[PDB]
Amino acid sequence: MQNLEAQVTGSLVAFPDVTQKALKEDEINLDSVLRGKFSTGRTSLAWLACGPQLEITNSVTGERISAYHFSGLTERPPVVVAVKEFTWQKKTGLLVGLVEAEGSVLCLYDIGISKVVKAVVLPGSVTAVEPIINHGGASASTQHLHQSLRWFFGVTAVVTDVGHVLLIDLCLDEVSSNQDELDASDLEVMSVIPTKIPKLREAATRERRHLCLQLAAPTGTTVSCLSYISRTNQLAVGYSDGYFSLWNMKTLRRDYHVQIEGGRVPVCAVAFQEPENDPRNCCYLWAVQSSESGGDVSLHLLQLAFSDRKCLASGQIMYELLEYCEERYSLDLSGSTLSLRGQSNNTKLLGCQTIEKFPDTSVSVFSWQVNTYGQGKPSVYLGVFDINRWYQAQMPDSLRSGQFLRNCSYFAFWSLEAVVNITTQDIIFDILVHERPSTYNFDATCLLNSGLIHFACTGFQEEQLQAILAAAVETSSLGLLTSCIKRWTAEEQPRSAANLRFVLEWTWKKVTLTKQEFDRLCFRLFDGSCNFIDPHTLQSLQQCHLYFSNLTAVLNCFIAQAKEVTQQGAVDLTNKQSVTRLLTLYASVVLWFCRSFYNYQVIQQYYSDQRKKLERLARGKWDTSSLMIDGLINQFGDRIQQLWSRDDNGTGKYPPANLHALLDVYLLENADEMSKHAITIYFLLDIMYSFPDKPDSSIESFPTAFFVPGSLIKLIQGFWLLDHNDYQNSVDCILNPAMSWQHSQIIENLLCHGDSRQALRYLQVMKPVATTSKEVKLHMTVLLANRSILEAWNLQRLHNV
Amino acid sequence: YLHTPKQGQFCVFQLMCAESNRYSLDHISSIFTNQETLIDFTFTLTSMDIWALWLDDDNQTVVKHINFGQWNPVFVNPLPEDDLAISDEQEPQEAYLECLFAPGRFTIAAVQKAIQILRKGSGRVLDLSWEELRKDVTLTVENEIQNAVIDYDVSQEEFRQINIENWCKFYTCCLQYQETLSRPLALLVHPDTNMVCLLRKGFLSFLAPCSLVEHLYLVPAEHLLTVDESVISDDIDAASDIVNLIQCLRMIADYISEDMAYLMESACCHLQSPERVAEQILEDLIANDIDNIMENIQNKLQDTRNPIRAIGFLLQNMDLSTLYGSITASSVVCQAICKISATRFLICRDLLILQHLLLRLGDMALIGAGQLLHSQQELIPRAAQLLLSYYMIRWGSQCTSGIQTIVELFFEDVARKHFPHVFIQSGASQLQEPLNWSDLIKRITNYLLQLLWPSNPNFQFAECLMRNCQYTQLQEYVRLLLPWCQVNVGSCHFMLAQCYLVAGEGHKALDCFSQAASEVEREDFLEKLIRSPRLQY
Amino acid sequence: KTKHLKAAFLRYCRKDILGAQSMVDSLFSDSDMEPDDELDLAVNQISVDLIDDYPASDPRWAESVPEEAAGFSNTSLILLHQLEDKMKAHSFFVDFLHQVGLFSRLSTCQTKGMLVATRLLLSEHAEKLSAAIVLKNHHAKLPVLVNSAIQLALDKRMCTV
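Residues numbered from 1 in each chain as written, not as in the entry; some residues may be left out. Chains lettered and ligands numbered in written order. Part of a larger assembly, values for the part shown. Heavy atoms only, no water. Residues with missing side-chain atoms left out of burial classes, pairs and counts.

1. Here's the deal with the sheet that holds strand β8 (residues 91-100) of chain A
Residues and elements named next belong to chain A. Heads up, the rule is: Any two strands with at least two DSSP bridges between them are considered paired. Note on conventions: DSSP H or I runs of at least 4 residues are helices, E runs of at least 2 residues are strands, and numbering of each starts at the N terminus. With axes taken as lines fitted to C-alpha atoms, and helix axes fitted only over the stretch in contact, angles between N-to-C directions fall between 0 and 180 degrees.
As summarised here, the arrangement of the four strands in space is β7-β8-β9-β10, forming an open sheet in which the pairing is antiparallel. Each end of this open sheet is capped by a strand with a single partner; those strands are β7 (79-88) and β10 (115-122). Direction aside, the axes of adjacent strands within the sheet are offset by 20° on average. Of the pairings in the sheet, the one linking strand β9 (residues 103-110) to β10 comprises seven bridges and is antiparallel in character. Bridging across to β10, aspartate 110 finds its partner in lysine 115.

Given below as structure tokens:
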């Protein structure tokens, strides 16, 4: 935990030469301070301002999107003091506060046309601007505002150097007014909330005036920060004397007003956090105190408790009726332990951001710069506070004595020294963390005077090697293991042979241990002790399957790289691979049977009576001692008969005594996978036929889940229908365009039942090769039974005469 | 347009006349450009767009439009690749001939000019047919090789080296002429019809509107972050998921080696399972993950709320007869089909590999019974009805004094005759609706994809091939179609039976005719022969 | 020192492939000492220490050049052919001294009661006792392999892996 460091992910992305020239032209006016910030909206914008110049860049590419040079009424150019993103009527723009020698102007700048579209003259020098709402009218979306403000069309809060708090109507319903900063509208300032706002608004609009509600009278104290908290419906107003106030936009009343514990230091920023679980509807507001001249930076966490929590028609949650607001955590950034000896440090806040995931995750990011007198390079830091971890830490009020930020359970800290080492001449304006605690990983962008820089903040001998190899098999990082095997097989060093042997012996030991655990899990599935699979045992079975697959891939890599293995070692490796592959297949099928009622007695009685029916019909004329399923099972020889006789009530014949005896067919060596799926499909058809009354059975997913060809599906359906006495649909399935013993048995069965015409049709279409004297006699009998004497006679001459 | 050394600027003005005959400009808009060099621009009052044509720093052709600060891209065709990858199993000659004579691959004028120079000779170039031109190239390069072999005892290796050096030299010569003919002209925009044409030095290109799926896949990663999510879907979250999915597809696309792209295309041709091959490619991508890309794809997939809905949206959006009867119109339309089918084949391959990764990562949980049963049946049915269908469509797309493709031939002889019906069925019972290019080309191309896509009972391209001198191509077309397309299966077996009858393989022909007889139910072609069914057959 | 022997052992590695580089690392080995009586007996104890690693296991010149030196598996049953490869490796080693080296240096002195005129007798002596090894590898039968297992266990213990 002692040094989390940011890693630079790209080169400096320089701004276009035109943007750099435009920002430098006004450095000739010794009073013009270059400013820049990221926009808090979804539009991925950054803005830079120097005197009257405004530059808008892409927050990722640094490309110039838009720019403007503001004109003033006086020979002195206006200064861009405040900039906020504002989206209205499907347009994207900025609210811009201009300070002039004799006043200030609020401009609405449309980025899409790169022009001012509305301008309003302000009573005093503007210090901050904040949009409250981007539309007007009697909508459900405006119901959280005071009835007065619902008559406005776009509402912006504006604050001044003398302590005014003004709520301005943007008149966004007036499509006919294109105003520039020079043709700015006058403001009709109302000190008392009127009952007849519609008539006053219509009068103001007719006079080309904007309507304004004054919340605060000029106190003579500068407002240093302004923010609208949509979740509490409160306007947060911070003062240069360290006072802080909350104004409720529903009631237009000041709900809270206090001096923050850091004393007479300006409140420069605020950041809202919501906890995952609070029993009393508490939310949190950071208030940051910082001096503009350089000085002490302190972070103050205000707890806001509310009596009620309303879901708006938008699904957004609104806290109502503030009960109390109290300071609950303080952190001095300037006082913390980095100064060995009383050097005057100048500390500056760079950025303050909140990131919330739906919140299950609520984090506040603070970025700050420390300039130590006599060090030419600034130290830049990024701190992440997690409110849910602070709750878990039992809501400490400060860092405990002997705790450092570097070892906090609810605060994480990154050094940006790698960024500073590339940016040795550049001024860092702001730092954006990309929304999309020492264990967090995130990407971020710094805003510079020259351009942008991207960086990533990463989060924090044989037995050690076995633990790493286990982690690589457990995370499916097979590319690591296969690359190590390929290199140790290419490096003819005596240490490489020992490593390859160790990994092979370890791989086989891990297969053996995974099998013991898999058997321990499977034992409960078959013994009838389990009525329901817990999600945990299902996940453990999935994990065992993944491990067998991952270990099979490692063994296949050994087989592929093994050019110089002893004949014994090649056989042993092929046997180990064959075993692990069969275990992978068995685990996959067991897991599928878990993810997906079998009446043994009913199906066994049916197949016992069909075998007896066939024996009676054959009259010893035909070798029809077996059903089509019995012929499919006989391809595996006595192995399935031994497997299905193992369990209590096992006849060694179809159907299997229980589902365990069916699934154990997948563990048979040297059997084709498609032949195993064929027995399972034939079995699933018997179950489906036993339950006609539910069309949406998950059983139909089997052929899709195991990539069974539609060709084999139709063939097995054809065999199933044959054993079910549906000979027409059986032959239609088997003859669909999509073995030697089966030909004889189909023909003998059709002849035993007297359907010589279907036996002839089958013989004419399929043309089975008669190799044995028995097959030739069978084919002669089909031809004679259909009165085809000449064909039977020619067949006799052709084949034994 | 105001050219400056650091940055270009467009300005749009309206002319105003006051009662005193005093004129002024009213300022409508100002638009900045990058360091690209402007070749031409126009603007339309019907669409209020500025259309502009540039070259970048690498001299590639850049076209963009803007309603009068973001320029909309035009996906201009790249030049052919500098190196041709030749497999150890492919004859070098066949590979290079296929590339050179591929539709839209090259212009005759360049090849005829390279031959003219190699021959050192003032021969009047006859308007040679393309087959004549191919024979003519072959004989010309063989003669240069025979001249380079000085000794009677050249080793096989030294002979192969000499062969490569001589064909390389001919190829580089064709390249220099093609570069010269490819040089950028200007833009033509029709005011009333909105037809946009790119005038290049050697040929005319038409700009057609791109479909939404192709737009999102092809746009650069930096511009993909500024797409108006409202156009993708009325649902902002579905729009964002589609955007994140498309970003993951592109991170795969950017790390697929040529060996891996070939392994997939080979698998389609050899009728191997594209799914197993997508899995092998994914194993090799993971064994070679030096840049932790698998970690970055994993991180963006974690930002996607519903990757499967976004996958399903992509798969669904991918699923007057005398007029436009020209060969240029036929080729442009059929090249649109080839590029659409190739892009969508890659999307479907990467989507299958991603779907297998999503299965291996999904085990980040217990399988779950309800989730297990529902997911297995639904996903497997949808997927089977998905990847196999996409592969079949790609195979179909891959399948007259002018050079025509087999798709252009099918369009002219069969598909076009049905267009008056497609036009009437759409409710256009008012003969008074004006022809719209965008609507009509989209409908024609979708209807042609359904006919080519083995989803129509037309039963005609294969029959035409059987009754035509060519048969081979018809066997290969039916081979590539039959495993995954269930439309016209009987008609495919009938066509294949005719091909086997002409090849002298009469027993295979009889088996195929017998299989075709089963689609005899509700069959018109067999009913026309009659105007027991097995005995008649 | 150990660095010099391990630089000649790396120039023999390249001598199997090409001579030009290894001839400049013998020309830079005329930035030697040059007093006959013991420093030429200090490149002697280098040529001798490599003629003791070429009869040993995989010789420490191997790795960079994977000639006939290569770390042959000690779990192989290819013991005789593996030691034929080492009489060839010690033969191209005497040749890649004769062309660029060992035209001096002779520290045999006294070893195990034997007096020997010249270090170059130790190359001949390590060759004669690498012909002895192949001869008793050619004759492998249960009495001799028992008499061997007793000898080896008397000199030291054996690894039972």
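2. Describing the sheet that holds strand β21 (residues 282-290) of chain A
Residues and elements named next belong to chain A. The four strands lie next to each other as β20-β21-β22-β23, forming an open sheet whose pairing is antiparallel. With one partner strand each, in any of the chains shown, β20 (267-273) and β23 (317-332) form the two edges of the open sheet. Strand-to-strand twist of the sheet, defined as the mean angle between neighbouring strand axes without regard to direction, takes the value 20°. Two elements, strand β22 (residues 297-311) and β23, share 13 bridges in a ladder whose sense is antiparallel. Within β23, the position partnered with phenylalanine 306 by the bridge is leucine 322.

3. Digging into the interface of chain A and chain B
Worth spelling out the cut-off: Whether two residues are in contact is decided by their heavy atoms, any of which lying within 4.5 Å being enough. Side-chain classes follow a simple rule in which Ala, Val, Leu, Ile, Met, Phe, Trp, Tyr, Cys and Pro form the nonpolar group, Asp, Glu, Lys and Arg form the charged group, and the remainder, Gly included, forms the polar group.
Contacts between chain A and chain B engage 13 residues on the former and 15 residues on the latter. Secondary-structure elements contributing two or more residues to the side of chain A that touches chain B are α6 (478-490), α8 (535-561) and α15 (702-705) of chain A. The element that contributes the greatest number of residues to the side of chain A that touches chain B is α8 of chain A, accounting for four residues. For the side of chain A that touches chain B, a count of residues per class yields four nonpolar, eight polar and one charged.

4. Considering the pairing of strand β14 (residues 186-190) of chain A
Residues and elements named next belong to chain A. Operational definition: By convention, orient the strands away from the viewer: a clockwise path from the first strand over the helix to the second makes the crossover right-handed.
Here β14 pairs with strand β15 (residues 209-216) via five bridges, running parallel. From the neighbouring strand, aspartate 186 faces β15, where its bridge partner is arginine 209. For the segment spanning β14, helix α2 (residues 197-206) and β15, crossover handedness is right-handed.

5. A word on helix α16 (residues 710-723) of chain A
For clarity, the threshold we go by: In this analysis, the expected span of each helix is defined as 1.5 Å times one less than the number of residues it contains.
Here α16 of chain A spans 20 Å end to end across 14 residues, near enough to the 20 Å set by a 1.5 Å rise per residue. Of the residues flanking the end of α16 of chain A, it is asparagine 725 of chain A, one or two places downstream, whose phi is positive at about 65°.

6. What about the pairing of strand β4 (residues 45-50) of chain A?
In the case of a regular strand, side chains alternate between the two sheet surfaces. Residue and element names in this part refer to chain A. Alignment of strand β3 (residues 35-38) against β4, held across four bridges, turns out to be antiparallel. The residue of β4 that forms the bridge with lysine 37 is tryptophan 47. From the end of β3 to the start of β4, which pair antiparallel, there are six residues, and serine 44 there has a positive phi angle of about 50°. Two elements, β4 and strand β5 (residues 53-58), share six bridges in a ladder whose sense is antiparallel. Across the sheet, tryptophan 47 pairs through a bridge with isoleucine 56, a residue of β5.

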